[PDB]
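Per chain, numbering begins at 1; letters A, B, ... match sequence-line order. Just follow the structure's listing: the first ligand is 1, and inside any ligand the first atom is 1. Just the heavy atoms: all of them, side chains too, but no hydrogens, waters or symmetry mates, feed the values below.
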Protein chains: 2
Amino acid sequence: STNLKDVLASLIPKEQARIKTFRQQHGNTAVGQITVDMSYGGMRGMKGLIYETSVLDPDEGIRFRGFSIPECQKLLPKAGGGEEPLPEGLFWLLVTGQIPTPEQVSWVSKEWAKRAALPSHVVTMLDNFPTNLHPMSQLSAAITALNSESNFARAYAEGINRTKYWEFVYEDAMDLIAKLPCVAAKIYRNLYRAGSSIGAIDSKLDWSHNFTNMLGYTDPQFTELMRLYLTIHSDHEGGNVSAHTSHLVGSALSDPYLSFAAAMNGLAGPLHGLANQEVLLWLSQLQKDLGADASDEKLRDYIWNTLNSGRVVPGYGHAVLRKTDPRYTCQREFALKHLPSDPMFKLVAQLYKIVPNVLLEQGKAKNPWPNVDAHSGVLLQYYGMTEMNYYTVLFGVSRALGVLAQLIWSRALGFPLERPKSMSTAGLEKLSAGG
Amino acid sequence: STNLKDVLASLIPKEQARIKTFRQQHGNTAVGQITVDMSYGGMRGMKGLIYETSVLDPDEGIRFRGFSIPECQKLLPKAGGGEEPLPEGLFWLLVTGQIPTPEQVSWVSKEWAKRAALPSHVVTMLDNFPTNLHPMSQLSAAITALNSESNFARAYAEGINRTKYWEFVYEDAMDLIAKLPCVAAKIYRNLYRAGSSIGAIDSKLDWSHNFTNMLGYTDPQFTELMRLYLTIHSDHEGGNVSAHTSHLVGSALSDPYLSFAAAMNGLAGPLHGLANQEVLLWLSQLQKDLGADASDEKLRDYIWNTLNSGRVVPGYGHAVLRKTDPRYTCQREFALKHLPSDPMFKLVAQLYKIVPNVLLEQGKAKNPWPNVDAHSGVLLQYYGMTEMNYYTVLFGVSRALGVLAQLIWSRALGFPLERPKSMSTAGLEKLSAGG
Ligand SMILES: CC(C)(COP(=O)(O)OP(=O)(O)OC[C@H]1O[C@@H](n2cnc3c(N)ncnc32)[C@H](O)[C@@H]1OP(=O)(O)O)[C@@H](O)C(=O)NCCC(=O)NCCCC(=O)NO
Ligand SMILES: CC(C)(COP(=O)(O)OP(=O)(O)OC[C@H]1O[C@@H](n2cnc3c(N)ncnc32)[C@H](O)[C@@H]1OP(=O)(O)O)[C@@H](O)C(=O)NCCC(=O)NCCCC(=O)NO
Ligand SMILES: O=C([O-])CC(=O)C(=O)O
Ligand SMILES: O=C([O-])CC(=O)C(=O)O
C-alpha cells in the first residue's frame, strides 16, 4: 500500500509545471552579481545552484524541507521505545517534502532491508585491500565498483527516453542506500575485527540497527546515537563539497553509484568530512602533549602553536554558517544526557570556551564557532568506536540520504549539465584593465 | 640541469604578488550577474572560476596558455622523425606558460619513465575485476586505490605548513601522470588480451610511445595518432565537468589521486567524455540498420528517430562552443591525410553535412556543430582499436595533463574551498515574489 515511487509520480508533474511558470515570469530576473573576489574565492557568497532538499541559513543553520533539527527531532518517527529520529523518516521527508507516518517509515525500512546485497566482485575487492588503504578510499573504490549493477546505466545504454531518467535513478538510489551499510561494515570488520563476519540483515529492524549489528555493537544507547548521527549528517544544502560534487557529476548523466563515489572523494578532504577524524587526532596529540586535565592557558598555547605552524584548527569555522552549528549543539545535548562525565567530552566542552576566542583574536576566520565535526568523534569514542580513521565513513553513509534524494529530483526536473565559464587571471585582467 | 620544480619555485611568488595587487584594486569589481535561469540552467553563462591553464573561446575554440591548436602543432617539440606534438611539451607549456625546448621535453619524458610503477595491491585489484565492469569504473577505482601512496596526503597528515602544499601536489601529479598509462594498459590487456603482459617501460621513449607499446600496437602512425590524441584532449578550460570536478574536490585538500578519480567519474558521463564511446555505438547501429553506404535521406531519418525517442545525437553540441570544435577539425585533417578512404571516416564526413542541419531544424540545440567526440573513435577503429567501451579511458589519460597542471597552481595560489550558496525553488520564489 505504501509506495514512494507512486507518490513521487504524482508530485513530479506538479513541480515541473510550477517551475516552468516561474521561469516564465522570472527567468531573467537577477538574484545577484559576480565579483572578482568571488571568483578567486571559491564562489564564496555566490548563489549558484538549485537544490531542493535542504537550505542552510547562515544564522539559523540547516532546515530540511523547511524543518529545523529540533523540529525533526520532535516530528519524525522514532524507534519503538526510542528517542532519536529514524533516518528512514528523514529520507521520506527530503524526498516528498512531507513528514511521514510510522507506517511509511516502516516501509522504507523493509525496502532497504530487502534490497541489501553485495556482488562477489565487490566482496573480493574489499577482502583483498591492504590495511594501510584508508577507509574512505576503500569505500569510494567499492561504490565505484558497484556501478556494474547500475539500473540507470543499463537503461541509458538501452536508449531510454530522457523523461524516465528519474525512475531509474530512484531504483539505484534505493539500492545504493540499502547496500551502503553492508559495504561500510565489511570495511570495519576487515580492518578492525579480522576473521569475523558482518552477518545478515534482519528484515525486521530499522536500517541503523541492522548497521550497528553488522558493526558488532550491542549497547542500545549506541543504536540511538547512530540513528541521530545518521539523521543529522544527511544533507547540508547543495553547495557543500560532497553534495555539489554529486550534483555536478550526476549532471553529466553518470549513474548514482559513480556520482556518489565522486562525492565521497570530496568528503574525504581535510577541509570537508575528514575533519571529524582530524579533530580526534588533534585531541589525541593534545592530551598527549599536555595530558588529560589541561589549564586554559595551556590550551590557548596549544591552539596558537597550530595556527602559527600554518595549519587549521579542525572542527571550527564554516563557509556559510556564522554562528554555532545547530548540529554541534544537538550533539552537545546528547553528550550532556548520556556521557556528561567523559573526560574527552569535558575537553571538547572546554575548547568551546577557548577556541572561538583565540580564532577571534587571530582575526582570520569569518566564523569562529564550531561546526558539526568538532563534536561527533567524541561521542563515538565513548561507546568504544575508537578507530578515528573510520569516522568519515559514517558521515559518508549519512550523506547518501541527502544527496541521493536530490539526485532523483535533479533528473525529474530535467536539470541540465552543470557547466559554468572559467577565466584566466590574464583574461580577467583584460576584461577589466588589470591591477 | 632541467628541473620543472625549480622553475615553478621562481614563477609562484611573482604570480602571487600579481594576483594580490589585482585583487587589491579590483576585488569588488563586478564581472557579471546571476539570473534565475542561470541557476536553473547548470550555471550556463556564469563566470565562476579562475583556471589558468587554458581558456575556451565560444567562436575560436580552446587556447592553451594563449596558443591555439595549430600554434601548438607548429611550436611544440615533436618526436624524432615525428609530425605530431609530444604531450610532454604540452604539459610543460600548461604548467609554466612557456614553450619548452626539446631538451626540456626530453626531461619530462625521462621523469615520467622514472616514476612509473604500480603497487601490488593495485595490480591485484585490477586482475580480480570482472570483465563486465566498465573500463572507466576500473580506472577510477584503481586511481582511488593508489591514494595509499599519496605524498600530499602524507605530508598533510604530518602537519605541513599550508604554504608548501604545492610542492607535494607537484610530486603526486608527476607520479600520477607517470602511472596512468600502466594502469590504463593493464586494463586493456586484462579485458582484451587476456594472458599477456604490458611489459616494461623504456626509459628512452616518450610517454605516448611507451603507452602504445604497453597497449600492444606496432604501427608507427598509430604512435603518432596517440601523441596527437593525448595532446589535444589534455585540457578544456575549467568549467567542463571533469576539470571542474577535480578542482572542486582538490579544493577541500583531497589528494590528487582522489581528485583525479572523482574527475574520471564525471568524464564517464554520457553527456561528457563517454560521448566518444557513444558516438561509435551509435554509428555501429546506424551501419547495422542501414548498412555501410547510406543515402542522405536515410541518414536524416535515422537522426530524427533518435531525436524523436527522447535521446541525444552523440558528438554534437557544446555548453560553450558555438561553432565547430577545432579539435574536431584537427582530427579531420589527420584522417584526410592518413585514412581518407575509410568507410567509417566517410560516414563521419557525411554526417557533418547532415547532422547540423537536422539539429538546426529541430531548433533545440544552441550549437548544432560537432565536438571532439564526433571524430575520435573513428580514428582509433582504423588502427585496430575496436574496443569502443575503452575509448573514454584514453580521454581520461589525456585529461590528467590539464587538470593536474592546474591543480598545482590552485594550491600554489592558495585558492580556498569551493563552496557556493544553493537555493530551493521555494526560497527563490520568495526572494522574488514567485511565479
Ligand atoms: C570550514 C572552512 C574550510 C571554511 O573555509 P572559508 O569559508 O574559506 O573560511 P574563511 O572565509 O573563514 O577563511 C578566512 C581565513 O581564515 C582561515 N581560517 C578559517 N577557519 C580556520 C580554522 N578552523 N583554523 C585556522 N584558520 C582558519 C581560513 O583558512 C582563511 O585563511 P587564509 O585567508 O590565510 O586563506 C574553514 O573554516 C576551515 O578550514 N575550518 C577548519 C576545517 C574544518 O573544520 N572543516 C570541516 C567543516 C564542516 C564540514 O564540511 N564537515 O563535513
Ligand atoms: C554537450 C551538451 C551536453 C551541451 O549541453 P547544453 O549546453 O545544455 O546544450 P544546449 O543549451 O544546446 O541544450 C538546449 C537543448 O538542446 C538539446 N540538445 C543539445 N545538444 C543536443 C544533441 N546533440 N542531440 C539532441 N539534443 C540536443 C539539449 O538537450 C536541450 O534540450 P532540452 O531543452 O529539452 O533540455 C549537449 O550539446 C549534448 O547533450 N550533446 C550531445 C552529447 C555530447 O556530444 N557530449 C560530449 C560533449 C563534449 C565533451 O564533454 N567531451 O568530453
Ligand atoms: O556546508 C558545508 O559547506 C560543509 C558542511 O558542514 C557539510 O557538508 O555538512
Ligand atoms: O568543455 C566542455 O564542457 C566539455 C569538453 O568539450 C571537454 O571537457 O573537453
Side-chain angles (χ1 to χ4, degrees), chain A residues 41-42 44 162 233 236 240-242 251-253 267 269-276 278-279 303 306-307 310-321 325 327 355 358-359 362-368 370-374 376 392 395 399 414-417 419, chain B residues 41-42 44 56 62 162 232-244 251-253 266-267 269-276 278-279 303 306-307 310-321 325 327 355 359 362-368 370-374 376 392 395 398-399 402 414-417 419:
Chain A
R44 203 81 64 269
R162 49 155 88 204
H233 286 79
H236 213 238
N240 69 74
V241 176
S242 58
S251 83
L253 306 178
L267 198 55
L271 302 192
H272 197 11
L274 207 74
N276 64 187
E278 294 291 289
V279 165
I303 295 151
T306 294
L307 296 171
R311 317 170 181 148
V312 301
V313 171
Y316 281 79
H318 203 268
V320 177
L321 275 164
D325 193 344
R327 294 168 305 169
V355 178
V358 170
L359 286 182
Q362 184 194 216
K364 256 176 67 226
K366 303 242 143 172
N367 175 23
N371 58 56
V372 65
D373 303 309
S376 61
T392 310
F395 202 150
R399 188 55 50 92
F415 287 174
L417 185 75
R419 211 299 192 198
Chain B
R44 203 81 64 269
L56 176 69
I62 193 79
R162 49 155 88 204
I232 70 165
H233 286 79
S234 60
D235 211 25
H236 213 238
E237 82 159 41
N240 69 74
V241 176
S242 58
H244 186 188
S251 83
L253 306 178
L267 198 55
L271 302 192
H272 197 11
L274 207 74
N276 64 187
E278 294 291 289
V279 165
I303 295 151
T306 294
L307 296 171
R311 317 170 181 148
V312 301
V313 171
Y316 281 79
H318 203 268
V320 177
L321 275 164
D325 193 344
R327 294 168 305 169
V355 178
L359 286 182
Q362 184 194 216
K364 256 176 67 226
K366 303 242 143 172
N367 175 23
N371 58 56
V372 65
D373 303 309
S376 61
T392 310
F395 202 150
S398 186
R399 188 55 50 92
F415 287 174
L417 185 75
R419 211 299 192 198

If the contact criterion is a heavy-atom separation under 4.0 Å, does B:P314 count as touching ligand 2? yes
Under 4.0 angstrom from ligand 4, any heavy atom of B:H272? yes
Would you mind telling me if ligand 1 is within reach of the side chain of A:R44, the backbone, both or neither, using heavy atoms under 4.0 Å? side chain
Options A:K366, A:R311, A:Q362, B:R419, ranked by nearest heavy atom to atom 12 (O) of ligand 1, top entry: A:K366
Provide, to 0.1 Å, the distance between atom 52 (O) of ligand 2 and the closest protein heavy atom, together with that atom's residue and name. B:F395 CE1, 3.0 Å
What residue and heavy atom of the protein are closest to atom 3 (O) of ligand 4, and at what distance? A:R419 NE, 2.8 Å
Is there a nitrogen or oxygen of B:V312 sitting under 3.5 Å from a nitrogen or oxygen of ligand 2? no
Per-atom contact, atom 9 (O) of ligand 2, protein heavy atoms, under 4.0 angstrom: no
I need the atoms of ligand 1 closer than 4.0 Å to a non-hydrogen atom of A:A275, numbered in the order shown. 43 (C), 44 (O), 45 (N), 46 (C)
For atom 8 (O) of ligand 4, what is the nearest protein heavy atom, given as residue, atom name and distance? B:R399 NH1, 2.8 Å
Counting heavy atoms under 4.0 Å, the part of A:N371 that contacts ligand 1 is side chain
Atom indices of ligand 4 within 4.0 angstrom of B:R327 heavy atoms, with elements: 5 (C), 6 (O), 7 (C), 9 (O)
Side chain, backbone, both or neither: which part of A:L307 has a heavy atom under 4.0 Å from ligand 1? side chain
Among A:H318, A:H272, A:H236, which residue places a heavy atom closest to atom 50 (O) of ligand 1? A:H272
Quick check on B:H318 - does any of its heavy atoms sit under 4.0 Å from an atom of ligand 4? yes
Proximity to ligand 1 by part of A:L271, non-hydrogen separation under 4.0 Å: both
So is A:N240 in contact with ligand 1, going by heavy-atom distances below 4.0 Å? no
Considering only heavy atoms, which of A:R327, B:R162, A:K364 lies nearest to atom 29 (O) of ligand 1? B:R162
Out of B:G42, B:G315, B:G266, who is nearest to atom 44 (O) of ligand 2 when you count heavy atoms only? B:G315
Could you tell me whether B:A365 and ligand 2 have an N or O pair separated by under 3.5 Å? yes
